[PDB]
$ cat input_5.txt   # compact mmCIF, C-alpha atoms
# COMPACT_ATOMS: atom_id res chain seq x y z
CA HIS A 1 24.40 11.57 13.73
CA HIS A 2 22.32 14.15 11.76
CA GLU A 3 19.27 12.03 12.54
CA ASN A 4 16.85 14.98 12.06
CA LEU A 5 18.10 15.41 8.47
CA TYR A 6 17.55 11.73 7.67
CA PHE A 7 14.21 11.37 9.38
CA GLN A 8 12.86 14.48 7.75
CA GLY A 9 14.05 13.61 4.25
CA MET A 10 12.69 10.05 4.41
CA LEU A 11 9.29 11.12 5.81
CA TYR A 12 9.04 13.86 3.15
CA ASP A 13 9.90 11.36 0.37
CA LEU A 14 7.49 8.70 1.67
CA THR A 15 4.56 11.09 1.96
CA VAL A 16 4.76 14.33 0.00
CA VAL A 17 6.76 12.93 -2.88
CA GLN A 18 5.50 9.33 -3.20
CA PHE A 19 1.91 10.14 -2.34
CA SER A 20 1.91 12.85 -5.04
CA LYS A 21 3.23 10.28 -7.52
CA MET A 22 0.57 7.77 -6.59
CA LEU A 23 -2.19 10.41 -6.84
CA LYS A 24 -0.93 11.32 -10.31
CA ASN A 25 -1.02 7.60 -11.04
CA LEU A 26 -4.61 7.49 -9.83
CA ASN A 27 -5.35 10.23 -12.40
CA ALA A 28 -3.77 8.07 -15.13
CA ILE A 29 -5.92 5.14 -14.01
CA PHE A 30 -9.00 7.33 -14.63
CA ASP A 31 -7.81 8.16 -18.09
CA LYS A 32 -8.10 4.43 -18.82
CA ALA A 33 -11.58 4.37 -17.20
CA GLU A 34 -12.69 7.15 -19.59
CA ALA A 35 -11.24 5.25 -22.56
CA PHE A 36 -13.13 2.12 -21.47
CA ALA A 37 -16.38 3.99 -20.94
CA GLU A 38 -16.16 5.57 -24.36
CA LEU A 39 -15.17 2.35 -26.11
CA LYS A 40 -17.74 0.17 -24.35
CA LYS A 41 -20.36 2.93 -24.29
CA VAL A 42 -20.56 2.50 -20.48
CA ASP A 43 -21.83 5.43 -18.45
CA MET A 44 -19.04 6.82 -16.19
CA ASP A 45 -21.64 7.24 -13.39
CA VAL A 46 -22.00 3.45 -13.26
CA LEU A 47 -18.23 3.05 -12.65
CA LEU A 48 -18.08 5.88 -10.09
CA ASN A 49 -20.87 4.27 -8.05
CA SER A 50 -19.49 0.72 -8.30
CA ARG A 51 -17.99 -1.15 -5.37
CA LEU A 52 -16.47 -4.56 -4.46
CA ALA A 53 -19.00 -5.36 -1.71
CA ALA A 54 -22.39 -4.05 -0.76
CA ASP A 55 -21.15 -2.62 2.58
CA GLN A 56 -17.86 -1.25 1.16
CA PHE A 57 -17.40 2.40 0.01
CA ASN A 58 -17.82 2.98 -3.71
CA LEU A 59 -15.25 4.28 -6.20
CA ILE A 60 -15.98 7.99 -5.57
CA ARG A 61 -15.41 7.35 -1.87
CA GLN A 62 -12.20 5.42 -2.33
CA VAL A 63 -10.75 8.39 -4.29
CA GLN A 64 -11.90 10.84 -1.65
CA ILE A 65 -10.37 8.72 1.14
CA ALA A 66 -7.12 8.29 -0.78
CA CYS A 67 -6.88 12.03 -1.22
CA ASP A 68 -7.68 12.68 2.46
CA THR A 69 -5.18 10.11 3.59
CA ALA A 70 -2.39 11.98 1.75
CA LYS A 71 -3.61 15.47 2.68
CA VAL A 72 -4.43 14.86 6.37
CA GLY A 73 -1.48 12.48 6.79
CA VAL A 74 0.94 15.23 5.73
CA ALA A 75 -0.93 17.91 7.73
CA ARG A 76 -0.67 15.71 10.83
CA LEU A 77 2.98 14.84 10.45
CA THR A 78 3.89 18.50 9.98
CA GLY A 79 1.69 19.76 12.83
CA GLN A 80 -0.42 21.77 10.39
CA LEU A 81 -3.80 20.06 10.64
CA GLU A 82 -5.49 23.37 11.55
CA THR A 83 -4.18 24.97 8.30
CA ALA A 84 -5.32 22.00 6.07
CA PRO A 85 -7.87 22.63 3.24
CA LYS A 86 -11.38 21.25 3.97
CA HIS A 87 -13.47 19.13 1.57
CA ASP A 88 -17.20 18.37 2.13
CA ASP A 89 -17.07 15.17 -0.03
CA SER A 90 -19.81 16.40 -2.34
CA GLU A 91 -18.21 15.11 -5.57
CA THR A 92 -20.37 13.05 -7.90
CA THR A 93 -18.55 13.36 -11.21
CA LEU A 94 -15.18 12.47 -12.67
CA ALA A 95 -14.44 16.18 -13.21
CA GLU A 96 -14.98 16.91 -9.58
CA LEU A 97 -12.75 14.04 -8.52
CA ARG A 98 -10.00 15.24 -10.85
CA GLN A 99 -10.31 18.63 -9.12
CA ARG A 100 -10.02 16.95 -5.69
CA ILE A 101 -6.80 15.21 -6.75
CA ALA A 102 -5.44 18.41 -8.23
CA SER A 103 -6.11 20.33 -4.99
CA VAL A 104 -4.34 17.76 -2.86
CA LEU A 105 -1.43 17.78 -5.29
CA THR A 106 -1.18 21.57 -5.04
CA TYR A 107 -1.35 21.38 -1.25
CA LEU A 108 1.44 18.83 -1.14
CA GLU A 109 3.64 20.99 -3.42
CA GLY A 110 3.68 23.63 -0.73
CA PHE A 111 5.77 21.54 1.69
CA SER A 112 9.55 21.02 2.01
CA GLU A 113 11.90 18.62 3.93
CA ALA A 114 12.17 21.26 6.66
CA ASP A 115 8.45 21.01 7.37
CA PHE A 116 9.18 17.47 8.59
CA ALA A 117 11.93 18.43 11.06
CA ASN A 118 10.03 17.04 14.01
CA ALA A 119 7.63 14.70 12.17
CA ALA A 120 9.33 11.52 13.42
CA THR A 121 8.56 12.32 17.04
CA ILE A 122 5.35 14.34 16.82
CA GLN A 123 2.48 12.74 18.82
CA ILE A 124 -0.47 11.88 16.60
CA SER A 125 -3.78 11.13 18.30
CA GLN A 126 -6.97 10.87 16.25
CA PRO A 127 -10.36 11.77 17.80
CA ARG A 128 -11.39 8.13 18.29
CA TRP A 129 -8.17 6.98 20.04
CA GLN A 130 -9.11 8.21 23.52
CA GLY A 131 -5.92 10.27 23.86
CA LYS A 132 -3.62 7.46 22.85
CA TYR A 133 -0.90 8.37 20.32
CA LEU A 134 1.54 7.08 17.74
CA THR A 135 4.71 8.91 16.89
CA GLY A 136 4.70 10.48 13.44
CA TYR A 137 7.18 7.86 12.27
CA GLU A 138 4.92 5.02 13.45
CA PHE A 139 1.86 6.75 12.00
CA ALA A 140 3.51 7.08 8.57
CA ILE A 141 4.67 3.49 8.47
CA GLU A 142 1.79 1.65 10.10
CA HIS A 143 -1.21 3.85 9.37
CA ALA A 144 -0.96 6.51 6.62
CA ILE A 145 1.12 4.53 4.13
CA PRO A 146 -0.94 1.29 4.28
CA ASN A 147 -4.13 3.25 4.04
CA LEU A 148 -3.11 5.29 1.01
CA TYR A 149 -2.20 2.11 -0.90
CA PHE A 150 -5.35 0.31 0.34
CA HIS A 151 -7.68 2.91 -1.08
CA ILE A 152 -5.82 3.43 -4.37
CA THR A 153 -5.66 -0.36 -4.87
CA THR A 154 -9.35 -0.74 -4.07
CA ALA A 155 -10.17 2.05 -6.58
CA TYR A 156 -8.07 0.18 -9.10
CA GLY A 157 -9.84 -3.11 -8.27
CA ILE A 158 -13.28 -1.62 -8.75
CA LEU A 159 -12.29 -0.43 -12.24
CA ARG A 160 -10.55 -3.64 -13.13
CA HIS A 161 -13.56 -5.69 -11.96
CA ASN A 162 -15.81 -3.63 -14.25
CA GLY A 163 -13.54 -4.37 -17.25
CA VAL A 164 -11.14 -1.42 -17.38
CA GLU A 165 -7.79 -2.57 -18.78
CA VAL A 166 -5.62 -0.95 -16.14
CA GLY A 167 -2.42 -2.78 -15.30
CA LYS A 168 0.29 -2.73 -12.67
CA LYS A 169 2.33 -0.16 -14.66
CA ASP A 170 -0.61 2.25 -14.33
CA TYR A 171 -0.61 1.85 -10.55
CA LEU A 172 3.18 2.11 -10.04
CA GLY A 173 3.92 4.75 -12.68
CA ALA A 174 7.29 5.49 -14.24
CA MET A 175 10.44 4.49 -12.36
CA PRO A 176 13.53 6.70 -12.13
CA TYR A 177 15.70 4.13 -13.94
CA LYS A 178 19.36 4.99 -14.52
CA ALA A 179 21.65 3.68 -17.21
CA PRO A 180 24.59 1.66 -15.79
CA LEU B 1 21.85 5.09 11.91
CA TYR B 2 21.42 7.06 8.63
CA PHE B 3 18.74 5.11 6.60
CA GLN B 4 19.74 1.60 7.82
CA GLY B 5 17.12 1.43 10.56
CA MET B 6 14.43 3.16 8.57
CA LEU B 7 14.82 0.84 5.54
CA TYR B 8 14.73 -2.16 7.89
CA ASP B 9 11.59 -0.89 9.65
CA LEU B 10 9.86 -0.16 6.31
CA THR B 11 10.58 -3.62 4.91
CA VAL B 12 11.55 -6.33 7.39
CA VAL B 13 9.39 -5.09 10.19
CA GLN B 14 6.30 -3.59 8.51
CA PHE B 15 6.13 -6.25 5.76
CA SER B 16 6.32 -8.89 8.50
CA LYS B 17 3.44 -7.18 10.24
CA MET B 18 1.42 -7.09 7.02
CA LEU B 19 2.03 -10.76 6.23
CA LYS B 20 1.00 -11.66 9.77
CA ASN B 21 -2.09 -9.59 9.12
CA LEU B 22 -2.69 -11.53 5.86
CA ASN B 23 -2.45 -14.76 7.82
CA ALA B 24 -5.01 -13.48 10.31
CA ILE B 25 -7.32 -12.47 7.46
CA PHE B 26 -7.32 -16.12 6.37
CA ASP B 27 -8.51 -17.13 9.85
CA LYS B 28 -11.61 -15.10 8.98
CA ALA B 29 -11.86 -16.74 5.57
CA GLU B 30 -11.86 -20.11 7.40
CA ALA B 31 -14.64 -18.95 9.73
CA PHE B 32 -16.63 -17.84 6.74
CA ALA B 33 -16.09 -21.10 4.89
CA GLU B 34 -17.38 -23.14 7.81
CA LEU B 35 -20.34 -20.85 8.65
CA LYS B 36 -21.49 -20.40 5.06
CA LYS B 37 -20.57 -23.95 4.04
CA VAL B 38 -18.27 -22.69 1.30
CA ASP B 39 -15.32 -24.77 0.25
CA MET B 40 -12.01 -22.90 0.85
CA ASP B 41 -10.80 -23.91 -2.65
CA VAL B 42 -13.60 -21.75 -4.08
CA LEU B 43 -12.18 -18.68 -2.30
CA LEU B 44 -8.55 -19.49 -3.15
CA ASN B 45 -9.45 -19.65 -6.85
CA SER B 46 -11.55 -16.47 -6.75
CA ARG B 47 -10.52 -13.28 -8.48
CA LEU B 48 -11.67 -9.73 -9.24
CA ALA B 49 -11.51 -10.04 -13.07
CA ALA B 50 -11.22 -13.01 -15.49
CA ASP B 51 -7.80 -11.80 -16.52
CA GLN B 52 -6.42 -10.86 -13.09
CA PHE B 53 -4.47 -13.34 -10.88
CA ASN B 54 -6.54 -15.22 -8.29
CA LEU B 55 -6.23 -15.22 -4.49
CA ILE B 56 -3.56 -17.91 -4.31
CA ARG B 57 -1.45 -15.89 -6.71
CA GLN B 58 -1.99 -12.61 -4.87
CA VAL B 59 -0.70 -14.27 -1.72
CA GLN B 60 2.27 -15.82 -3.54
CA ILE B 61 3.15 -12.46 -5.09
CA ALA B 62 2.86 -10.57 -1.79
CA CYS B 63 5.27 -13.05 -0.19
CA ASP B 64 7.76 -12.91 -3.03
CA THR B 65 7.54 -9.09 -3.00
CA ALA B 66 8.61 -9.02 0.66
CA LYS B 67 11.19 -11.74 0.30
CA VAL B 68 12.86 -10.59 -2.89
CA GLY B 69 12.59 -6.91 -1.85
CA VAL B 70 14.66 -7.53 1.25
CA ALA B 71 17.08 -9.81 -0.57
CA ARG B 72 17.76 -7.12 -3.17
CA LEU B 73 18.08 -4.22 -0.67
CA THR B 74 20.56 -6.14 1.46
CA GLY B 75 22.54 -7.56 -1.50
CA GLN B 76 22.01 -11.11 -0.27
CA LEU B 77 21.09 -12.81 -3.49
CA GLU B 78 23.14 -16.00 -3.16
CA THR B 79 20.57 -17.84 -1.01
CA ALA B 80 16.95 -17.28 -0.27
CA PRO B 81 14.00 -19.61 0.09
CA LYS B 82 12.83 -21.01 -3.23
CA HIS B 83 9.09 -21.34 -3.77
CA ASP B 84 7.60 -22.88 -6.90
CA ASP B 85 3.99 -21.66 -6.70
CA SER B 86 2.74 -25.22 -6.39
CA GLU B 87 0.50 -24.34 -3.43
CA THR B 88 -3.16 -25.13 -3.97
CA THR B 89 -4.39 -25.27 -0.38
CA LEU B 90 -4.64 -22.87 2.52
CA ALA B 91 -2.22 -25.06 4.55
CA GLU B 92 0.36 -24.62 1.82
CA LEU B 93 -0.12 -20.86 1.55
CA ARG B 94 0.26 -20.52 5.29
CA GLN B 95 3.55 -22.46 5.00
CA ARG B 96 4.62 -19.98 2.37
CA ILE B 97 3.73 -16.98 4.59
CA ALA B 98 5.56 -18.64 7.52
CA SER B 99 8.63 -19.28 5.35
CA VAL B 100 8.96 -15.62 4.39
CA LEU B 101 8.33 -14.50 8.02
CA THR B 102 11.09 -16.81 9.16
CA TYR B 103 13.42 -15.51 6.43
CA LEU B 104 12.73 -11.89 7.34
CA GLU B 105 13.39 -12.66 11.03
CA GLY B 106 16.98 -13.52 10.14
CA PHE B 107 17.85 -9.94 9.16
CA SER B 108 19.00 -7.04 11.34
CA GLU B 109 19.36 -3.32 10.87
CA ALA B 110 23.06 -3.93 10.12
CA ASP B 111 22.11 -5.89 6.97
CA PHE B 112 20.74 -2.61 5.58
CA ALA B 113 24.02 -0.68 6.02
CA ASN B 114 24.17 0.25 2.34
CA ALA B 115 20.56 -0.37 1.26
CA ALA B 116 19.86 3.28 0.51
CA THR B 117 22.63 3.39 -2.10
CA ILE B 118 22.82 -0.20 -3.46
CA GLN B 119 22.06 -0.38 -7.21
CA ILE B 120 19.17 -2.70 -7.99
CA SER B 121 18.46 -4.12 -11.43
CA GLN B 122 15.82 -6.83 -12.11
CA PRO B 123 16.35 -9.30 -14.97
CA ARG B 124 13.73 -7.63 -17.24
CA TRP B 125 15.23 -4.11 -16.73
CA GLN B 126 17.94 -4.29 -19.46
CA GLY B 127 20.76 -3.24 -17.10
CA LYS B 128 18.86 -0.17 -15.92
CA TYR B 129 18.94 0.27 -12.13
CA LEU B 130 17.27 2.04 -9.19
CA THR B 131 18.95 2.91 -5.92
CA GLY B 132 17.73 0.76 -3.03
CA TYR B 133 16.08 3.88 -1.54
CA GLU B 134 14.05 4.47 -4.75
CA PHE B 135 13.37 0.76 -5.11
CA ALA B 136 11.94 0.50 -1.60
CA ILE B 137 9.78 3.60 -1.85
CA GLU B 138 8.58 3.41 -5.46
CA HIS B 139 8.52 -0.33 -6.21
CA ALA B 140 8.63 -2.80 -3.26
CA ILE B 141 6.33 -0.97 -0.87
CA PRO B 142 3.57 -0.15 -3.35
CA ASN B 143 3.74 -3.69 -4.77
CA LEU B 144 3.36 -5.29 -1.32
CA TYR B 145 0.27 -3.25 -0.44
CA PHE B 146 -1.18 -3.77 -3.91
CA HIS B 147 -1.22 -7.56 -3.66
CA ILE B 148 -2.27 -7.73 -0.02
CA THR B 149 -5.17 -5.26 -0.68
CA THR B 150 -6.19 -7.27 -3.78
CA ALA B 151 -6.19 -10.52 -1.67
CA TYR B 152 -8.34 -8.65 0.92
CA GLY B 153 -10.68 -7.44 -1.79
CA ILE B 154 -11.23 -10.87 -3.25
CA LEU B 155 -12.19 -12.21 0.16
CA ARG B 156 -14.24 -9.16 0.95
CA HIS B 157 -16.07 -9.34 -2.41
CA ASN B 158 -17.03 -12.97 -1.70
CA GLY B 159 -18.55 -12.09 1.65
CA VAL B 160 -15.66 -12.68 4.11
CA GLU B 161 -16.24 -10.17 6.97
CA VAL B 162 -12.80 -8.57 6.97
CA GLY B 163 -12.42 -4.91 7.79
CA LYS B 164 -9.79 -2.22 7.85
CA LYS B 165 -8.60 -3.33 11.26
CA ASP B 166 -7.70 -6.79 9.85
CA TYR B 167 -5.65 -5.14 7.12
CA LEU B 168 -3.81 -2.67 9.32
CA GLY B 169 -3.31 -4.92 12.37
CA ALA B 170 -2.69 -3.66 15.91
CA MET B 171 -1.20 -0.19 16.42
CA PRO B 172 1.53 0.57 18.95
CA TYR B 173 -0.65 3.03 20.88
CA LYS B 174 0.95 4.86 23.85
CA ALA B 175 -0.52 7.01 26.58
CA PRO B 176 0.78 10.57 26.85
CA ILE B 177 3.16 11.15 29.80
CA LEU B 178 4.04 14.88 29.27
$ encode --input "input_5.txt" --output "structure tokens"
Amino acid sequence: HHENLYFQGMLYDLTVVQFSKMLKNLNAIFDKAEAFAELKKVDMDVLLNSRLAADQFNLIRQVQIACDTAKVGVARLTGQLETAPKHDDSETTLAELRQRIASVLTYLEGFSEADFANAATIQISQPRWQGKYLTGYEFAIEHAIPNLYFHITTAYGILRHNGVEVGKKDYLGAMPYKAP
Amino acid sequence: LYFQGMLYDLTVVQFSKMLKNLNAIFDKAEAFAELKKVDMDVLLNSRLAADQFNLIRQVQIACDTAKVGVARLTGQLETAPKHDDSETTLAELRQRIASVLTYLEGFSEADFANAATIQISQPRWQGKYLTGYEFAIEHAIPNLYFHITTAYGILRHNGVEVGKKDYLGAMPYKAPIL
């Protein structure tokens, strides 16, 4: 029943398309963080190294993990992990983080629906799973998607906690509303 | 069949999993409260910013996101559980999670027959609409993870020993056979 066409389109839209949107949204969130820092004469370094708990990754790390979730998630679903761009996680500044987002966005632009032809059924096994696997469809739904939103939300929470006036519209972004 | 099963899995099934996960997270909050001699009401009223909604509200909103999301996608707006946000206790919030889990259990893949293409318009949208496909991907899903992660973060910030595994829940791991 054309199931390959549906599975591939959905998985493409959930990952390449929606993850690119959310990463752009994360960029917009940082525009508010810069406005705050300027207005409150807060050092951006302080925000970038802030965190919600002493044993939880800081803001720089949340951004890095969000980007990796999108990048590696797509690489994995499309069977292209060996071709994926590598990042050493050396970023310490907002500029560098904006570059990291931009790179992942460019990477994601390179894919099409057809790259996901067999994504639903591909066997994904991470190094710490002792050979056990999830199908690509399961991995998207239960692993990659929750994780992407977890780390973007936690980045948002760090900023919000520090006083940045980011709101839900900044996280969701524009909707493709249609006139009736 | 087409997007019916996929939209059902993305919403009914995975949101159910996540709410079950949220319930389990509160088991850890209870452990913490007893061990650290912290009153649960303290945690329920905690927040990440003075002007952001507190834990109770994050839980209420995550439930309503799942509930109303599925109601809208399936076009079944005539009857759904009505909650009034009167909950002040953990017992009450667990009843609210249970209520939505029960509601979501009543749906099948067939209820999503036209969810991809249904037009969805909220009251504040001025007649403007999204397709159910767009609504699920761009609105419902992100909103559900937002509020659950924020609830997690409030607990985590206050010292509750939750980790990523509590948030994701169990994975359907399989052993390779070919």
$ axis_aligned_box --input "input_5.txt" --around "segment 32-47 of chain B" --padding-each-side "8 Å" --output "lines of an AutoDock Vina configuration file"
center_x = -15.0
center_y = -19.0
center_z = 0.1
size_x = 28.9
size_y = 27.5
size_z = 33.1
$ residues_around --input "input_5.txt" --residues "residue 170 of chain B" --least-positions-apart "6" --cutoff "10 Å" --atoms "only C-alpha atoms" --output "list in words"
residues 142 of chain A; 17 and 21 of chain B
$ atom_distance --input "input_5.txt" --atom1 "atom CA of residue 125 of chain A" --atom2 "atom CA of residue 77 of chain A"
11.0 Å
$ closest_residue --input "input_5.txt" --among "A:33, A:54, A:42, A:117" --to "residue 94 of chain A" --atoms "all atoms listed in the file"
A:33
$ residues_around --input "input_5.txt" --residues "segment 78-91 of chain B" --least-positions-apart "3" --cutoff "7 Å" --atoms "only C-alpha atoms" --output "list in words"
residues 41, 60, 94 and 95 of chain B
$ interface_residues --input "input_5.txt" --of "chain A" --to "chain B" --cutoff "8 Å" --atoms "all atoms listed in the file" --output "NGL selection string"
:A and (1-3 or 6 or 14 or 18 or 52-53 or 131-134 or 138 or 141-143 or 146-147 or 149-150 or 153-154 or 157 or 160-163 or 172 or 175-180)
$ atom_distance --input "input_5.txt" --atom1 "atom CA of residue 78 of chain A" --atom2 "atom CA of residue 116 of chain A"
5.6 Å
$ residues_around --input "input_5.txt" --residues "residue 118 of chain A" --least-positions-apart "6" --cutoff "10 Å" --atoms "all atoms listed in the file" --output "number ranges by chain"
A: 4-5, 7-8, 77-79, 136-137
$ residues_around --input "input_5.txt" --residues "residue 25 of chain A" --least-positions-apart "4" --cutoff "10 Å" --atoms "only C-alpha atoms" --output "list in words"
residues 19, 20, 21, 29, 30, 31, 152, 169, 170, 171, 172, 173 and 174 of chain A
$ write_last_selection --input "input_5.txt" --atoms "C-alpha atoms" --output "short mmCIF file (atom, residue, chain, number, x, y, z; two decimals), keeping the file's coordinate frame"
data_model
loop_
_atom_site.label_atom_id
_atom_site.label_comp_id
_atom_site.auth_asym_id
_atom_site.auth_seq_id
_atom_site.Cartn_x
_atom_site.Cartn_y
_atom_site.Cartn_z
CA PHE A 19 1.91 10.14 -2.34
CA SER A 20 1.91 12.85 -5.04
CA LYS A 21 3.23 10.28 -7.52
CA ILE A 29 -5.92 5.14 -14.01
CA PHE A 30 -9.00 7.33 -14.63
CA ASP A 31 -7.81 8.16 -18.09
CA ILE A 152 -5.82 3.43 -4.37
CA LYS A 169 2.33 -0.16 -14.66
CA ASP A 170 -0.61 2.25 -14.33
CA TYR A 171 -0.61 1.85 -10.55
CA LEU A 172 3.18 2.11 -10.04
CA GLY A 173 3.92 4.75 -12.68
CA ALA A 174 7.29 5.49 -14.24
#
$ atom_distance --input "input_5.txt" --atom1 "atom CA of residue 84 of chain A" --atom2 "atom CA of residue 28 of chain A"
25.4 Å
$ closest_residue --input "input_5.txt" --among "B:177, B:161, B:102, B:53" --to "residue 35 of chain B" --atoms "all atoms listed in the file"
B:161
$ decode --input "input_5.txt" --residues "segment 93-124 of chain A" --atoms "C-alpha atoms" --output "PDB file, in the first residue's frame"
ATOM      1  CA  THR A  93      31.603  30.781  22.894  1.00  0.00           C
ATOM      2  CA  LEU A  94      28.222  31.724  21.479  1.00  0.00           C
ATOM      3  CA  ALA A  95      29.826  32.262  18.043  1.00  0.00           C
ATOM      4  CA  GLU A  96      31.161  28.766  18.023  1.00  0.00           C
ATOM      5  CA  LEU A  97      27.808  27.313  19.026  1.00  0.00           C
ATOM      6  CA  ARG A  98      26.075  29.272  16.267  1.00  0.00           C
ATOM      7  CA  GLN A  99      28.596  27.702  13.866  1.00  0.00           C
ATOM      8  CA  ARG A 100      27.790  24.212  15.242  1.00  0.00           C
ATOM      9  CA  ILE A 101      24.068  24.761  14.617  1.00  0.00           C
ATOM     10  CA  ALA A 102      24.752  26.130  11.158  1.00  0.00           C
ATOM     11  CA  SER A 103      26.853  23.063  10.241  1.00  0.00           C
ATOM     12  CA  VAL A 104      24.180  20.637  11.355  1.00  0.00           C
ATOM     13  CA  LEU A 105      21.597  22.632   9.427  1.00  0.00           C
ATOM     14  CA  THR A 106      23.731  22.454   6.280  1.00  0.00           C
ATOM     15  CA  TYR A 107      24.239  18.723   6.774  1.00  0.00           C
ATOM     16  CA  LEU A 108      20.516  18.152   7.128  1.00  0.00           C
ATOM     17  CA  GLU A 109      19.802  20.164   3.942  1.00  0.00           C
ATOM     18  CA  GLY A 110      21.716  17.571   1.985  1.00  0.00           C
ATOM     19  CA  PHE A 111      19.120  14.823   2.543  1.00  0.00           C
ATOM     20  CA  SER A 112      15.876  13.957   0.699  1.00  0.00           C
ATOM     21  CA  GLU A 113      12.823  11.654   1.309  1.00  0.00           C
ATOM     22  CA  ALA A 114      14.562   8.994  -0.787  1.00  0.00           C
ATOM     23  CA  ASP A 115      17.425   8.808   1.706  1.00  0.00           C
ATOM     24  CA  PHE A 116      14.867   7.398   4.151  1.00  0.00           C
ATOM     25  CA  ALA A 117      13.604   4.590   1.892  1.00  0.00           C
ATOM     26  CA  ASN A 118      14.632   1.901   4.324  1.00  0.00           C
ATOM     27  CA  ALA A 119      14.863   3.997   7.516  1.00  0.00           C
ATOM     28  CA  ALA A 120      11.768   2.427   9.098  1.00  0.00           C
ATOM     29  CA  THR A 121      13.320  -1.024   9.160  1.00  0.00           C
ATOM     30  CA  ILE A 122      17.035  -0.303   9.474  1.00  0.00           C
ATOM     31  CA  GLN A 123      18.582  -1.922  12.604  1.00  0.00           C
ATOM     32  CA  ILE A 124      20.093   0.672  14.925  1.00  0.00           C
TER      33      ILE A 124
END
